> 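This structure is in structure tokens; I'll ask about it shortly.
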Amino acid sequence: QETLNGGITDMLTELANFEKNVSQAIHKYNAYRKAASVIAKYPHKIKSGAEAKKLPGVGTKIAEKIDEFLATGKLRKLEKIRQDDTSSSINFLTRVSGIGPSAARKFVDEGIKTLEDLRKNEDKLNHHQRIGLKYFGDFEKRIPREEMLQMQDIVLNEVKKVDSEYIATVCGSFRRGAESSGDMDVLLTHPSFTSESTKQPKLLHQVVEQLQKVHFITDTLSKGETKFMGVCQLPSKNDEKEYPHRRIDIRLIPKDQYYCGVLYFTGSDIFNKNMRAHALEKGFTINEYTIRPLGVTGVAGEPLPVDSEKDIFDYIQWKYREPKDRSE
DNA sequence: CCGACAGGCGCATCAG
DNA sequence: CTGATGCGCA
DNA sequence: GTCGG
Ligand SMILES: Cc1cn([C@H]2C[C@H](O)[C@@H](COP(=O)(O)OP(=O)(O)OP(=O)(O)O)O2)c(=O)[nH]c1=O
Ligand SMILES: [Ca+2]
Ligand SMILES: [Ca+2]
Ligand SMILES: [Ca+2]
Ligand code: NA
Ligand code: NA
């Protein structure tokens, strides 16, 4: 991953992870990621802090840190953070799926600071954590698109075995066209589940159950009526190493709200934050279901009509961006 | 110079 | 039990 | 940490 301002964006990303995991300051995390991201799309080699301060999201303090990074090749503030035992122990435990900043601090206080520690205090972990630990190495591996293509095929073919009326669409980075993905995201619709009625129950469960039967889904992290979060694995063949286990998310979204749903799930996460914050500036709030006007006194009005992804962009006066131009 | 920062699902836990 | 909140997650 | 009203 060698890149134009890679030094700088790496440094800001690290600082965002610190603020999230150690400081627990969600808005500093966001503001660092917004700055990283804006710098990543800037097509000159940045030469000074002052030059970077021109970009939206970059202010006084990131500017000063860029000056230092460029002059000296590193940042003191990060040099200190990396030596701090506590800080890096908390950062590390957060890499386990299901451990966030709070739980990572509470383990480090109790003396649980390493993977060997996690692996001998099984009893201290809830179900999700336990599976996140079981598949720790596997979930930090990326998924080549060619494997995403096989996993897609399995998911869509089994969904079809349950009910030809389902539509399953693979989203996230896959739909943006990335050559590798962190995990699989499937958006599910069925004619029976619309914003005005649920004419059938068990619509998600039945899909989960079928994918368990053919051994594709192997564990469940959480499961509700519209959202499944778990683990899957491709079948392997005689004499080969098994495929690593992979994180999978499935979201059943009412069929009439497909476009807001797939906007949401196509992301990126940062792009969604930007696009939703722009909507607010303009008098609208967008979620995975609707786009709605904002009333003088904070009150969200009625859902606007939407019949394309592009409709949502028009409302807030954005030129349409193709999924592949929503990355970073 | 200060409020607002994206939006919501599922699980865990607490007061009543 | 319900309802409220915080956590970790997409 | 940054920014618009
Ligand atoms: C993490 C996250 C995701 N999302 C949305 C947009 C994401 O593209 C989508 C799925 O989340 P992810 O699977 O975390 O993201 P991704 O598919 O874009 O990236 P990767 O290749 O690393 O797996 O959910 C949010 O809206 N907010 C969030 O905080
Ligand atoms: Ca984690
Ligand atoms: Ca993904
Ligand atoms: Ca995901
Ligand atoms: Na700026
Ligand atoms: Na196996």
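In what follows, every chain begins at residue 1, and chains take the letters A, B, ... in the order their sequences are listed. The figures that follow rest on heavy atoms only: side chains count, while hydrogens, waters and symmetry mates do not.
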> Starting at atom CG of A/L252, determine the distance to atom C1' of B/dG8, rounded to an integer number of angstrom.
15 Å
> Would A/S268 and A/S327 count as having a side-chain donor-acceptor pair, cut-off 3.5 Å?
no
> In whole angstrom, give the distance that lies between atom CZ of A/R292 and atom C1' of B/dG8.
11 Å
> B/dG8, B/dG10, B/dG7: which one has an atom nearest the side-chain heavy atoms of A/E288?
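Among B/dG8, B/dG10, B/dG7, the one nearest the side chain of A/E288 is B/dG8.
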> Quote, to the nearest angstrom, the P distance that separates C/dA10 from B/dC5.
23 Å
> Could you check whether A/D153 and A/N157, counting side-chain N and O atoms only, form a donor-acceptor pair closer than 3.5 Å?
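Short answer, yes.
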> Measure from CG on A/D269 to P on B/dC5 and round the result to the nearest Å.
18 Å
> To the closest 0.5 Å, what do you measure between OG1 (A/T94) and CG (A/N17)?
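So the OG1 of A/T94 and the CG of A/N17 are separated by 7.5 Å.
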> What integer distance in Å separates A/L221:CG from B/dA12:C1'?
15 Å
> Please report, rounded to the nearest Å, how far the P atom of B/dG8 is from the CG atom of A/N287.
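After rounding, the gap between these two atoms is 5 Å.
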> Send over the distance from A/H278 NE2 to B/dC5 P, rounded to a whole Å.
16 Å
> Over how many whole Å does the gap from A/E225 atom CD to B/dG10 atom P extend?
8 Å
> What's touching nucleotides 6-10 of chain C from the protein side, N or O pairs under 3.5 Å?
{"unit_1": "C/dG8", "atom_1": "OP1", "unit_2": "A/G100", "atom_2": "N", "d": "3.2"}
{"unit_1": "C/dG8", "atom_1": "OP1", "unit_2": "A/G100", "atom_2": "O", "d": "3.4"}
{"unit_1": "C/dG8", "atom_1": "OP1", "unit_2": "A/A103", "atom_2": "N", "d": "2.9"}
{"unit_1": "C/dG8", "atom_1": "OP2", "unit_2": "A/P101", "atom_2": "N", "d": "3.4"}
{"unit_1": "C/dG8", "atom_1": "OP2", "unit_2": "A/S102", "atom_2": "N", "d": "3.0"}
{"unit_1": "C/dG8", "atom_1": "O5'", "unit_2": "A/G100", "atom_2": "N", "d": "3.2"}
{"unit_1": "C/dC9", "atom_1": "OP1", "unit_2": "A/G98", "atom_2": "N", "d": "2.7"}
{"unit_1": "C/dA10", "atom_1": "OP1", "unit_2": "A/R247", "atom_2": "NH2", "d": "3.0"}
{"unit_1": "C/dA10", "atom_1": "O3'", "unit_2": "A/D185", "atom_2": "OD1", "d": "2.9"}
{"unit_1": "C/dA10", "atom_1": "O3'", "unit_2": "A/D249", "atom_2": "OD2", "d": "2.7"}
{"unit_1": "C/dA10", "atom_1": "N3", "unit_2": "A/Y264", "atom_2": "OH", "d": "2.8"}

> Pick out which of A/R246, A/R247, A/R251 makes a salt bridge (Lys or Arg N to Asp or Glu O under 4.0 Å) with A/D249.
A/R247
> Is there a side-chain contact between A/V186 and A/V207 in this structure, where contact means two heavy atoms from C-beta onward sitting under 4.5 Å apart?
no
> Sticking with atom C1', work out how far C/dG8 lies from B/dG7, rounded to a whole angstrom.
15 Å
> Report yes if the distance between the aromatic ring centroids of A/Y42 and A/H44 is under 6.0 Å, otherwise no.
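Centroid distance A/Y42-A/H44: below 6.0 Å, so yes.
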> How would you label the contact of A/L280 with the nucleic acid (heavy atoms, under 4.0 Å): base, sugar-phosphate, or nothing?
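Answer is sugar-phosphate: A/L280 comes under 4.0 Å of backbone atoms only.
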> With heavy atoms under 4.0 Å as the rule, sort A/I62 into base, sugar-phosphate or nothing.
sugar-phosphate
> Ignoring hydrogens and angles, state whether a donor on the side chain of A/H128 or A/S222 is under 3.5 Å from an acceptor on the partner side chain.
no
> Any idea which heavy atoms bring A/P244 and A/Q233 closest together, and the distance?
O-CG, 4.1 Å
> Nearest whole Å is fine: how far is B/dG8 P from A/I253 CD1?
12 Å
> At the 4.0 Å heavy-atom cut-off to chain A, mark where contacts on DNA chain D begin and end, going 5' to 3'.
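Using the under 4.0 Å cut-off, the span is D/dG1 to D/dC3.
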> Can you tell me how far CG of A/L188 sits from CD of A/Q206, rounded to the nearest 0.5 angstrom?
11.0 Å
> Are A/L187 and A/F271 joined in one hydrophobic group, where the rule is that I, L, V, M, F, W and Y side chains link up if heavy atoms are under 4.5 Å apart?
yes
> When we call it a touch if two heavy atoms are under 4.0 Å apart, what does A/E281 touch: a base, just sugar-phosphate, or nothing?
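Nothing, no nucleic acid heavy atom in range.
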> Report yes if a side-chain nitrogen or oxygen of A/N30 is closer than 4.0 Å to either non-bridging phosphate oxygen (OP1 or OP2) of B/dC5; otherwise report no.
no
> North (positive) or south (negative) by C1'-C2'-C3'-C4': which describes B/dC1?
south
> Looking only at atom P, what distance separates B/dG8 and D/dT2, rounded to whole Å?
28 Å
> Is A/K223 touching bases, backbone alone, or none of the nucleic acid, heavy atoms closer than 4.0 Å?
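Sugar-phosphate: the residue A/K223, judged by heavy atoms under 4.0 Å, touches backbone atoms but no base.
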> Using the closest heavy atom to pick a nucleotide of DNA chain B for each, name whichever of A/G224 or A/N274 lands nearer the 5' end.
A/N274
